[PDB]
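Bear in mind that the values in this text are calculations on the coordinates, not laboratory data. Using ideal geometry, Cβ is built from the backbone for each residue, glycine included, and neighbour counts are taken over all protein chains shown.
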Amino acid sequence: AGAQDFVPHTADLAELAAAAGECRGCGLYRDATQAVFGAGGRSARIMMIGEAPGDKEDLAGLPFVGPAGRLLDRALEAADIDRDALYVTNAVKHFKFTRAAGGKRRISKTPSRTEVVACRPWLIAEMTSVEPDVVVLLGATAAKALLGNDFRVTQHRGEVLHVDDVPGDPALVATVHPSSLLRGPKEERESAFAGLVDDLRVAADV
Ligand code: SF4
């Protein structure tokens, strides 16, 4: 089912990334430029999972390279976390999108639960390969992939969670997605940025 038959029997991240370029586990590979796999190494203690590559990631071939990734950089820096010692990835690896007339970018479209279940084999291979001590789930889509489709990120902020069905029983911290911190009132944004730094420190202190 899904991407599972496209996942090779290997923990090498480069072999997995190359294989993900050939994945047809769902329909998202057709309109996307390429598959966006995770960045970082197997020594990483912290795995971070977003929703999906955006417009910038789709053509950069790397995760979190747009404005959201730059805000995440500022949050990681304030939390004293070396990005090079992370493994950063997304719940689904193909960019889902539409264009609006007058647009300045391709608009990110939300992955269905079906596409998240289809791409999960890659996330399982990534966690199996990295064996992280803690997984940071950035946003509702990533959190639900591991904690259940009914999970609410807003109701468990800053909580160290552990679910049994998860490879390696790593600690899980669900937090806001950095793209949510790009817009809104300045005081709401600044308060929300501090909440993200707090959650990143909890994950680093696991
Ligand atoms: S989104 Fe995931 S499951 Fe769907 S085609 Fe891309 S890699 Fe395969």
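List of remarks:
- A full extension of the chain between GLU131 and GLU22 corresponds to an added length of 36.8 nm, given 0.36 nm per residue minus the alpha carbon distance.
- Efficiency of FRET between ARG30 and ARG83 - r from beta-carbon atoms, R0 30 angstrom, step 0.05: 0.45
- The GluC sites (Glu not before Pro) of the stretch 1-68 that DSSP puts in a loop, and whose beta carbon has at most 13 other beta carbons within 10 Å, are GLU22.
- Phi-derived couplings, Karplus 6.51 cos²θ - 1.76 cosθ + 1.60 at θ = phi - 60°, listed residue by residue for the stretch 20-34: 4, x, 9, 6, 10, x, 9, x, 6, 5, 5, 8, 7, 6, 7 Hz, with x used for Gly and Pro.
- Loop-located GluC sites (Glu not before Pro) in the stretch 78-179 (DSSP state not H, G, I, E or B) with no more than 13 neighbouring Cβ atoms inside 10 Å: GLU159.
- Mean ellipticity per residue at 222 nm, deg cm²/dmol - from DSSP H runs of n ≥ 4 across the chain, formula -39500 (n - 2.57): -10500 deg cm²/dmol
- Estimated FRET transfer efficiency when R0 is 30 angstrom, pair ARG201-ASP165 (beta carbons, to 0.05): 0.65
- For the residues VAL92, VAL135, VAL160, a GNM of the chain with alpha-carbon springs under 10 Å puts the largest fluctuation on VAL160.
- Residues in the stretch 40-55 carry Karplus couplings, in order, of x, x, 6, 6, 3, 8, 10, 9, 10, 10, x, 7, 6, x, x, 5 Hz; the curve used is 6.51 cos²θ - 1.76 cosθ + 1.60 with θ = phi - 60°, and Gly or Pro positions show x.
- Label-to-label distance, nm, for residues given as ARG74 and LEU62 (7 Å Cα→Cβ offset): 1.9 nm
- In the chain the longest region clear of trypsin sites (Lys or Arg not before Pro) that are loop-assigned by DSSP and have at most 11 other C-beta atoms within 10 Å covers 105-182.
- DSSP bridge analysis restricted to the chain gives an antiparallel fraction near 20%, rounded to the nearest 5.
- Selected from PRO185, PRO67, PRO53 as most flexible by GNM, with the chain as the system and alpha-carbon contacts under 10 Å: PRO185
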